[PDB]
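Input: a single structure, listed below in structure tokens.
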2 protein chains.
Amino acid sequence: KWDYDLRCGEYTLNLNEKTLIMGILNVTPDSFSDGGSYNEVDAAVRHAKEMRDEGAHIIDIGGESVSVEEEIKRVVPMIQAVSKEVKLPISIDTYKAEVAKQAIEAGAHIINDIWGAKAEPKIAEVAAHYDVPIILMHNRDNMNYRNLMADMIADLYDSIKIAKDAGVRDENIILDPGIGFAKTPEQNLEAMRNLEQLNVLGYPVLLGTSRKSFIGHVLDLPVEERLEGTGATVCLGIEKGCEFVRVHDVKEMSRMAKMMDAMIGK
Amino acid sequence: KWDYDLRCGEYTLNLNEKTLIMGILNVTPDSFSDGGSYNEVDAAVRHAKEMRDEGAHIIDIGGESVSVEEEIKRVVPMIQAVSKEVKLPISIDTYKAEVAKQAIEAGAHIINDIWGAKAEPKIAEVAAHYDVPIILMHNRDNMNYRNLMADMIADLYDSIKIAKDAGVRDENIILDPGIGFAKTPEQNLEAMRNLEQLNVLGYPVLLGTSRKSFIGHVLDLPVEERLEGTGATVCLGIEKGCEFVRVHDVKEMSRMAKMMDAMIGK
Ligand SMILES: Nc1nc2ncc(COP(=O)(O)OP(=O)(O)O)nc2c(=O)[nH]1
Ligand SMILES: Nc1nc2ncc(COP(=O)(O)OP(=O)(O)O)nc2c(=O)[nH]1
């Protein structure tokens, strides 16, 4: 079904054997430090290691959940430590070109842009240069949709044209519906319900619903009681053709993904 | 979508608002007793109560996991205690006509037959008389299929004709693919993968995959580590149109069902 693999420097991800699990890295920053200090980076490394043992195929690393020069000093040491100590592709969760650049020099393999190259188009130029996969997430500054899905796909196309114009190859493009961004709770559900529509664009899709507020809205449960809700969204995502899921609870979701895969015949 | 409700005596189950959760009752029998004793029945009642609090809509009660007169002395006291103390429809997990009869006299509302009225055709006569819903599960004494799904549906039809010939009304018929019965691990997965085919028969479908061995075969995990695997099967079942799921882990599955429902628009 996918006639290429996702090339990631020293690592290679097959898109046909299994749903790939992207594990969300904890990055609790030390008050009292610029970045680089031992407690932050060690806890970050130990967590990456956990997730690798629990079935993660990618470790996703952020610098904000804030000043570009600040964000780089936080995230660079983490990428360096994790990439040396954990044999797994790292994605860098940024929408900033300079952050993406340093993150890749530091060892990051994949760019993860929640603004789909619309916040900082040069990020696509960075991606094109280092020849790395980039995730283009659906996002916008408003919820004024005429037709949710039609508009998401349009909006996603606008991200693709920016990526391609800057030289990004189709094989390095991943799409993401951006669940939990620029969407009402009911719109998030509608997108989940129609996620298979994204497949017509011809690119691998990553789904990120982990613990997000729309699960809370449905279940009336707080962030730490959302594991069954998240699992449902992962399952439905995989039945609808997603190639990756981005999740906090790697052990649990790994298992649900693995059972879904066997059922749907991936 | 369903133009009737499932009538169950004093209780009424809507088939359109939500996936209905059937909770599997613990029925650890006392060595040293015929049935009726306080420790068995109390633990059974306390468990029914738990499941009711965790989101169950039906309590399913068995007498074997053994002598018909023996099976009745175990199960009758349980039905009597649970039905008085827990305001929920009870189904009786038996393929024996006499057991089904006493269970209903004792307070049971729904018959649950893992042999789909083929082991004891008179069970359909019982069902017809008390005018109660009966679950006809797919089952057979061999795994020699020509075409798994085609044959299951055929086999299910043979159960329906027996139910109808004995006077059972369409509205009281529920079907169940019998996952984990007369099926190799790979056949169980194939059935999951094609469960929506059962919908053409026009009856509500109950799915029972809880902790079953085919999840173990996929995940290489023992019975008590199968919650994420079960959840996956429930999710995929609900996406494929199931009206009920029969589960041990009522709290967790209730939540996954509830999130699936919101996503698929039930
Ligand atoms: N590609 C992609 N990246 C993302 N980054 C952040 C969040 C949400 O961030 P937040 O809820 O602040 O924390 P966490 O990163 O733990 O989800 N969601 C996505 C997503 O769905 N897709
Ligand atoms: N309608 C229906 N009834 C059933 N009864 C027993 C079991 C399997 O029984 P077992 O694994 O012995 O124990 P448990 O009853 O806890 O599943 N599965 C079904 C099922 O899938 N559907």
Side-chain angles (χ1 to χ4, degrees), chain A residues 22-28 58 60-65 91-95 110-116 133-139 159 174-183 188 191 205-216 223 226 230 233 237 242 244-249, chain B residues 22-28 58 60-65 91-95 110-116 133-139 159 174-183 188 191 205-216 223 226 230 233 237 242 244-249:
Chain A
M22 162 187 290
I24 306 160
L25 194 73
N26 259 341
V27 172
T28 300
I58 304 166
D60 186 56
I61 307 200
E64 94 169 46
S65 213
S91 67
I92 168 67
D93 190 349
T94 189
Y95 57 86
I110 289 160
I111 299 164
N112 191 17
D113 188 357
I114 57 155
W115 281 105
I134 172 154
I135 291 149
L136 309 172
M137 191 183 87
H138 181 244
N139 208 349
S159 300
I174 294 148
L175 264 37
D176 174 331
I179 301 303
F181 293 84
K183 292 177 190 77
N188 282 321
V205 167
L206 177 148
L207 175 67
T209 48
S210 193
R211 313 196 177 154
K212 296 211 188 182
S213 129
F214 82 110
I215 290 161
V223 68
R226 285 181 195 169
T230 293
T233 71
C242 288
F244 317 75
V245 301
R246 172 180 184 281
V247 298
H248 304 85
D249 302 284
Chain B
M22 162 187 290
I24 306 160
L25 194 73
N26 259 341
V27 172
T28 300
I58 304 166
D60 186 56
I61 307 200
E64 94 169 46
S65 213
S91 67
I92 168 67
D93 190 349
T94 189
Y95 57 86
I110 289 160
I111 299 164
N112 191 17
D113 188 357
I114 57 155
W115 281 105
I134 172 154
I135 291 149
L136 309 172
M137 191 183 87
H138 181 244
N139 208 349
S159 300
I174 294 148
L175 264 37
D176 174 331
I179 301 303
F181 293 84
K183 292 177 190 77
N188 282 321
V205 167
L206 177 148
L207 175 67
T209 48
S210 193
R211 313 196 177 154
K212 296 211 188 182
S213 129
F214 82 110
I215 290 161
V223 68
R226 285 181 195 169
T230 293
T233 71
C242 288
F244 317 75
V245 301
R246 172 180 184 281
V247 298
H248 304 85
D249 302 284

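In the text below, chain A, chain B and the rest are named by the order of the sequence lines, each starting its count at 1. The analysis underlying the following values was restricted to heavy atoms, covering all of them including side chains, and did not include hydrogens, waters or symmetry mates. Note that ligands are numbered from 1 as they come in the structure, with each ligand's atoms numbered from 1 the same way.
- B:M22 and B:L206 make their closest contact through CE-CD1, 3.6 Å (heavy atoms, listed as atom of the first residue, atom of the second, distance).
- Atom 9 (O) of ligand 2 is never approached by the protein to below 4.0 angstrom, counting heavy atoms only.
- Two residues are said to be in side-chain contact when any heavy atoms from C-beta on lie closer than 4.5 Å; A:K212 and A:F181 meet this criterion.
- Protein heavy atom in closest approach to atom 6 (C) of ligand 1: A:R246 NH2, 3.4 Å.
- With a 4.0 Å heavy-atom cut-off, ligand 1 is reached by no atom of A:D60.
- Closest to atom 18 (N) of ligand 1 among all protein heavy atoms lies A:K212 NZ, 3.0 Å.
- If you check which protein heavy atom lies closest to atom 2 (C) of ligand 1, you get A:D176 OD2, 3.2 Å.
- Within a 4.0 Å radius of atom 14 (P) of ligand 1, the protein contributes at least one heavy atom.
- The shortest heavy-atom distance from A:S65 to ligand 1 is under 4.0 Å.
- When only interatomic distances are considered, the shortest N/O to N/O separation between A:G208 and ligand 1 falls below 3.5 Å.
- If you number the atoms of ligand 1 from 1 as listed, the ones under 4.0 Å from a heavy atom of A:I114 come out as 3 (N), 4 (C), 5 (N).
- Ligand-side atoms of ligand 1 in range of A:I24: 15 (O), 16 (O), range being under 4.0 angstrom from any heavy atom.
- Taking every non-hydrogen atom of A:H248 and a distance limit under 4.0 Å, the qualifying atoms of ligand 1 come out as 14 (P), 16 (O), 17 (O).
- Closest to atom 3 (N) of ligand 1 among all protein heavy atoms lies A:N112 ND2, 3.2 Å.
- Panel note: side chain B:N139, backbone B:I114; a donor-acceptor pair is recorded below 3.5 Å.
- Without hydrogens or angle criteria, B:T230 side chain to B:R211 main chain gives a donor-acceptor distance under 3.5 Å.
- In terms of polar-atom proximity, B:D93 is counted as a contact of ligand 2, with an N or O under 3.5 Å from an N or O of the ligand.
- Close contacts of ligand 1 with A:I135, meaning ligand atoms under 4.0 Å from a residue heavy atom, involve 1 (N).
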